[PDB]
Amino acid sequence: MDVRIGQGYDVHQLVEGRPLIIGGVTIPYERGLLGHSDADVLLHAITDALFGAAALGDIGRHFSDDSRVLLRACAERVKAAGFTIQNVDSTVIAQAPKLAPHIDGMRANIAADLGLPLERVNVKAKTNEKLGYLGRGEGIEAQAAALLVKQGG
Amino acid sequence: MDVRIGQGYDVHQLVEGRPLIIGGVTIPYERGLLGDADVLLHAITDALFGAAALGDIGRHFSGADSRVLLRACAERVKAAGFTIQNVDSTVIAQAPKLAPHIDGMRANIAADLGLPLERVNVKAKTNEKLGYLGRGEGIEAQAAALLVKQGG
Amino acid sequence: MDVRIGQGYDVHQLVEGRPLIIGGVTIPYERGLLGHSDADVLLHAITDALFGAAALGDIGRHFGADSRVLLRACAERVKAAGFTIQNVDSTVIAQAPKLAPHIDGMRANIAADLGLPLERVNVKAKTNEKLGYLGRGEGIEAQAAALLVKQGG
Ligand SMILES: Nc1ccn([C@@H]2O[C@H](COP(=O)(O)O)[C@@H](O)[C@H]2O)c(=O)n1
Ligand SMILES: Nc1ccn([C@@H]2O[C@H](COP(=O)(O)O)[C@@H](O)[C@H]2O)c(=O)n1
Ligand SMILES: Nc1ccn([C@@H]2O[C@H](COP(=O)(O)O)[C@@H](O)[C@H]2O)c(=O)n1
Ligand SMILES: [Mg+2]
Ligand SMILES: [Zn+2]
Ligand SMILES: [Zn+2]
Ligand SMILES: [Zn+2]
């Protein structure tokens, strides 16, 4: 099986009175994520990891001027280039709020959008131990990893 | 072959009054990690829970050390029906030099995972003096793991 | 099919006057990368990614040789340890300049250096949303992932 690795990264600034959306889950919080989209740091990092495993460039090469629509269009472009998806793993870095009670909603959103069962989608949460702009609550980071297979039939 | 990718991250603060323990090797040094706070073992553990779709550290573990945790992770990953292909990792530490301690780290990681040494890699990097990492205020580890869901 | 994952990281400070070289592509820009090589963050992170997957240590356990010479020697050692390369994916975090019209040149330098077709090499570019030393333009980062098969069969 012609297996391929992808990896992806995003970051957004956190600012007062904007909504916090992560992995398509809205998380009540007094700060929220600034970007030209709905600033979904997790879905973008996964969208990059899929384009990267497929050697299709990056989101910018695709989408310029919400984040689930983008994730689904990514999956459709990846499938048309002849790949099927093995699994996704990811980490979100946020000093707060606590993300654990939200993670299952994120997994559901990502699995629907990629046409995968739940068991092939993982999301992990981490603080940054109060270090740097992440640990000071000024930004949130996501990292993703994805495994594809180029068919192959 | 139902292959899966796992990736993991950790960071801890460096401070006076703590021993420095990375990959279960104690590295003599005037500073050490705050948290048993082994950044390398924790990152690898998250990467295996990740590849196995079993969530993360916090979802599993609320006196036990980072090696006990890594071995418990292994057992849960194997129970869920997975086999481990290999691990690779990077530790970002401005100082001290980790190179002569790296093979002791690999041995500790391979034993805890039931792997030969040839399926375990650890790498070390400075941060070129940039950021809290480059200023000696913290240490980072990054890991990647490849599993196979049996598939027997 | 004995598949192996590697991952790789590098960072370099940006300083006025010096040349900016990433992925072996020289990018005209008012700042440039310090290091004792030609400090090519992207080539190095890919280099570590390959030594990682092959469990052969890191660039320091191996190494007047530029970063392309190092990447090719990396590839020679990986092949001689009985490995074949499935693919490479990577990200470069640089707040500026735009890397997109340079990305095909990097992919070409890497594919030649790894002896891979273009369709197995991907390079992606991110800003850091003006956060941290990356966001202030005082450094650039590269992340990389690589997939190897130990032959095997
Ligand atoms: N230095 C950079 C940073 C970003 N980019 C491109 O801009 C697009 C959007 O970047 P941000 O999402 O970081 O704003 C990226 O996907 C990449 O296409 C670039 O071409 N050069
Ligand atoms: N923002 C965050 C950060 C961490 N967590 C949970 O807290 C646990 C411990 O996190 P730290 O080790 O980063 O302190 C994590 O494994 C995750 O389970 C969370 O639920 N929301
Ligand atoms: N704390 C550290 C950081 C780097 N190193 C070693 O030094 C080499 C050079 O690392 P840098 O490229 O980050 O300067 C690494 O490949 C690794 O061999 C180390 O042995 N301990
Ligand atoms: Mg980082
Ligand atoms: Zn984004
Ligand atoms: Zn930890
Ligand atoms: Zn470098």
Side-chain angles (χ1 to χ4, degrees), chain A residues 8-13 20-22 27 29 33-48 58-60 63 66-67 70-71 91-104 106 123-131 134-135 137 139-142 144, chain B residues 8-13 34-35 37-39 42-43 45-46 49-50 55-62 66 69 125-128, chain C residues 8-13 21-22 33-48 58-60 63 66-67 70-71 92 126-129 139-142 144:
Chain A
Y9 171 81
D10 196 21
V11 62
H12 279 274
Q13 302 182 40
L20 182 60
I21 313 172
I22 299 162
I27 295 149
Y29 199 49
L33 290 173
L34 165 60
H36 114 115
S37 60
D38 61 16
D40 200 312
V41 74
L42 181 52
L43 301 197
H44 296 166
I46 297 154
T47 302
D48 263 350
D58 69 26
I59 298 172
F63 318 130
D66 61 338
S67 308
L70 294 188
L71 180 50
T91 292
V92 181
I93 299 158
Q95 181 70 32
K98 276 305 223 295
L99 302 181
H102 304 294
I103 290 291
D104 277 345
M106 303 176 188
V123 179
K124 311 189 284 326
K126 292 284 302 189
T127 73
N128 219 49
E129 298 283 1
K130 296 259 172 50
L131 291 158
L134 299 178
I140 294 189
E141 164 167 341
Chain B
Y9 171 80
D10 206 13
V11 59
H12 290 261
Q13 278 181 55
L34 193 53
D38 190 318
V39 71
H42 292 168
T45 298
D46 264 4
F49 280 129
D56 65 29
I57 155 75
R59 281 167 124 184
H60 288 283
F61 308 137
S62 197
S66 312
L69 291 208
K125 295 274 311 165
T126 75
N127 218 46
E128 303 287 351
Chain C
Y9 170 87
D10 198 15
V11 65
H12 283 266
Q13 276 194 80
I21 302 161
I22 304 164
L33 286 175
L34 116 54
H36 284 225
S37 53
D38 67 293
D40 192 321
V41 63
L42 178 52
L43 298 192
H44 300 159
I46 293 156
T47 298
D48 257 359
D58 67 34
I59 274 159
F63 292 135
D66 81 358
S67 303
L70 293 176
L71 178 70
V92 180
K126 292 275 312 174
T127 73
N128 219 51
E129 306 282 352
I140 291 203
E141 170 174 336

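Chain identifiers are assigned alphabetically (A, B, ...) following the order of the sequence lines, protein sequences preceding nucleic acid strands; residue numbering begins at 1 within each chain. Remember, it's 1-based here, ligands and their atoms both numbered in the order they're listed.
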Item checked: Best match, B:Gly35, A:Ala94, A:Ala125: closest heavy atom to atom 15 (C) of ligand 2 -> A:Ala125
Notebook entry, point to check: For atom 9 (C) of ligand 2, what's the nearest protein heavy atom and its distance?
Noted result: B:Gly58 CA, 4.8 Å
Notebook entry, point to check: Among B:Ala37, A:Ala96, A:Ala100, whose heavy atom sits nearest atom 20 (O) of ligand 2?
Noted result: A:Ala100
Check: Taking the Zn ion (ligand 7) as the center, what protein N, O or S atoms are found at less than 2.8 Å?
Finding: C:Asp10 OD1, C:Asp10 OD2, C:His12 NE2, C:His44 ND1
Checklist line | Nearest-contact summary for atom 12 (O) of ligand 2 - protein heavy atom, Å | finding: A:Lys126 NZ, 3.3 Å
Check: Of all the atoms in ligand 2, which lie at a distance below 4.0 Å from a heavy atom belonging to B:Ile57?
Finding: 16 (O)
Margin query: Quick test: of every protein heavy atom, which one is nearest to atom 21 (N) of ligand 2, and how far off is it to 0.1 Å?
Written below: A:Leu99 N, 2.8 Å
Checklist line | Top protein contact for atom 7 (O) of ligand 2, by heavy-atom distance | finding: A:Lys98 CE, 4.3 Å
Next item on the list: Using atom types as modelled and distance alone, determine if a side-chain donor or acceptor of B:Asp56 lies under 3.5 Å from a backbone N or O of B:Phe49.
Entry: no
Notebook entry, point to check: What residues, two or more places apart in sequence or in another chain, satisfy side-chain hydrogen bond (donor to acceptor under 3.5 Å, both in side chains) together with A:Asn128?
Noted result: B:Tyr9, B:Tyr132
Check: A:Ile27 and A:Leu99: which non-hydrogen atoms are nearest, and at how many Å?
Finding: CD1-CD2, 3.7 Å
Check: Hey, which of A:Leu42, A:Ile103, A:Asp10 is the one that makes side chain to side chain contact (heavy atoms under 4.5 Å, CB included) with A:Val92?
Finding: A:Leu42
Note to self: When you measure from the side chain of C:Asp38 to the backbone of C:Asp66, do you find a donor-acceptor pair of N or O atoms at a distance under 3.5 Å?
What the structure shows: no
Next item on the list: From the options A:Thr127, A:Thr91, A:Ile22, select the one whose nearest heavy atom is closest to atom 14 (O) of ligand 2.
Entry: A:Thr127
Next item on the list: Name the closest protein heavy atom to atom 18 (O) of ligand 2, giving the residue it belongs to and the distance to 0.1 Å.
Entry: B:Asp56 OD1, 3.0 Å
Next item on the list: Provide the closest heavy-atom pair for A:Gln95 versus A:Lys130 in the form atom of the first, atom of the second, distance.
Entry: OE1-N, 3.1 Å
Check: Any non-hydrogen atom of A:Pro97 lying under 4.0 Å from ligand 2?
Finding: yes
Next item on the list: Looking only at non-hydrogen atoms, find the nearest pair between C:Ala39 and C:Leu33 and report the distance.
Entry: O-CD1, 3.5 Å
